[PDB]
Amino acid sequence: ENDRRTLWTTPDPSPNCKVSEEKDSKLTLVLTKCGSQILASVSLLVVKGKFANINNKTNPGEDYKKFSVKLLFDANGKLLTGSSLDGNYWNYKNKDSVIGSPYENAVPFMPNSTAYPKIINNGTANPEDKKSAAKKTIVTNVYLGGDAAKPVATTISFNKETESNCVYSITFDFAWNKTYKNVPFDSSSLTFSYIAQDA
């Protein structure tokens, strides 16, 4: 029904995502099918490791000021091992939790291949032949502790990844230049949409 229209991490998940070390972050990600598009809400809380309490006064150097979170999917839209996200409670919605057994197909939640193809290569190619690197991307900000003063550059990228031997991918890249002092990585919620693959 409306349960099988949503593919999520529970709305209040247990640590389920690797940012620096195993299960160091809670990624809340909801994918809902509104017709041909996926409406998505995402937020990220890191609870231990490198990013659990950002301090770029004591750690300048860019590896403490950016990180990414990859979802990698196979042909059937199943979630692959290289993924930042743990697949245990990443499944179709069931009344505020998930379905019993793991899901066998989720292609209709995948970013559309035509709209977001995995390589783009311009030159030798006519103008009428050219494709869009940028189209594959949403560039926005999230705000740490929900504070306007603490922005984090956020690029969501569709089918950017080749890791494992994935067909589909959603990649959240976070980065900042402010030198934050004892700021937990606790993101504001972020709404976005992409064009869906057909079955």
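Numbering starts at 1 and runs along the sequence shown.
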{"item": "Mean C-alpha B-factor comparison - 84-92 and 99-107, higher one", "value": "99-107"}
{"item": "Per the entry, higher mean C-alpha B factor between 52-60 and 135-143", "value": "52-60"}
{"item": "Out of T10, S25, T179, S189, highest CA B-factor residue", "value": "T179"}
{"item": "Third assignment of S36 from its chain's C-alpha B-factors", "value": "highest"}
{"item": "Where the record places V167 (Cα B-factor, split into thirds across the chain)", "value": "middle"}
{"item": "Assigned third (lowest, middle, highest) for the C-alpha B factor of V30", "value": "lowest"}
{"item": "Among modelled residues of the same chain, the CA temperature factor third for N2", "value": "highest"}
{"item": "Among modelled residues of the same chain, the CA temperature factor third for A149", "value": "highest"}
